[PDB]
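The data below hold one chain only, encoded as C-alpha cells and taken in the form solved without the named molecule.
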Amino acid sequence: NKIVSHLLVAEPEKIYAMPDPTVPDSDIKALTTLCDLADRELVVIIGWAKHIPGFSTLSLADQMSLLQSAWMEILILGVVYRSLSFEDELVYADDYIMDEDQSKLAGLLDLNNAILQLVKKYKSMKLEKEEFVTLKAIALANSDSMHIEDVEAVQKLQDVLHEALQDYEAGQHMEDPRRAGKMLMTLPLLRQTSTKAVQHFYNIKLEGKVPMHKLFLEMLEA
C-alpha cells in the first residue's frame, strides 16, 4: 500500500530525553526533562505532518487546527509504541524509561498508568509498525477540532488514510477480517488519556514550578 509505505519512510529518527547527569534526581528534574522532550518532539511532529498525503493542501488554519488539537495523541501514541516490548515501563525515549517507582516521584503515576492501559491493548493485539504510522496519521485527521474551515477537505483526508489502513489489514491480516475496526476502536482510549495528559501538564504550567519551552507552552495553551 502506497500511503502506508510512505508513512513508513516519513517516520522520524529517534529523539533523546538527555537528562542532565550532573543534576540530582528530583520531581522537577524529570518533569523538566519530559517537557523538554516534548518541545523537541513537537518540532518533529510538525515537520512529519507535512508528509501525510493531502494534509499540506489544507489551509494553514486547518493544518494548525488539527495539529493543536491532536499533538498529545501523537506524542502518547509514540510513547506507547516504543513501550510495546516492556513490562509496566514507559519508553519516553531510549535514554529515559520510567517504571512505577520513578513515575510516582514525578507524580505521574495516574497519567502513566492510563498510558500503560493503552500499552496493554496494543501489546495484546500485537500492533505492527505499519499500523502505528497509519493510526497516527488517522489520529491527526480525526482530531475533532472545532475551528475547521473546509470540513469536506478534512473528511476526505480521513477517508484516504482510513482506506489505507483498511487495505493493509486486508492484505496483511486476512485471518482477522475485523482488525481494521479493532484498531479504530482504540482511538477512544487514546483521546481520553491524551486530554488527561494535556490537562495535567497545564497544571504544572500554572504552578510555575517547572520551566517549559515556547512550543510546548503554545500547544499547552491553544
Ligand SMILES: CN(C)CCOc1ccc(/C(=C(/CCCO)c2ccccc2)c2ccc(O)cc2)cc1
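Quick note: we count residues from 1 along the sequence shown, nothing fancier. Residues that one form lacks are left out of the comparison. The term rigid core refers to the maximal set of C-alpha atoms that superpose within 1.5 Å between the two forms.
This protein has a second form, the form deposited with the named molecule bound, left out of what is shown; the following refers to that one.
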(request) Please overlay the site onto where the named molecule binds in the deposited complex and tell me whether the pocket on the shown chain stays open or is blocked (3 or more ligand atoms within 2.4 angstroms of backbone or C-beta atoms). (result) blocked
(request) Run the contact test on 72, 112 and 197 with a 4.5 Å heavy atom cut-off to the named molecule in the deposited complex and return yes or no. (result) yes
(message) I'd like to know if residue 20 sits close to the named molecule in the deposited complex, meaning any non-hydrogen atom pair within 4.5 angstroms.
(response) no
(request) Flag residue 183 as yes or no: does it have a non-hydrogen atom within 4.5 angstroms of any non-hydrogen atom of the named molecule in the deposited complex? (result) no
(message) Given that the named molecule is not shown alongside this chain, does residue 79 nevertheless sit within 4.5 Å of it in the deposited complex, heavy atom to heavy atom?
(response) yes
(message) If we define contact as a non-hydrogen atom of the residue within 4.5 angstroms of the partner, is residue 169 a contact of the named molecule in the deposited complex?
(response) no
(request) Report the residue, out of 164, 58, 49, 37, that has at least one non-hydrogen atom within 4.5 angstroms of the named molecule in the deposited complex. (result) 37
(request) Please name which of the stretches 169 to 177, 29 to 37, 49 to 57, 152 to 160 has residues with heavy atoms lying within 4.5 Å of the named molecule in the deposited complex. (result) 29 to 37
(message) Once the rigid core is fitted, tell me which blocks of three or more consecutive residues have Cα atoms all displaced by 2 Å or more between the shown form and the other one.
(response) 206 to 222
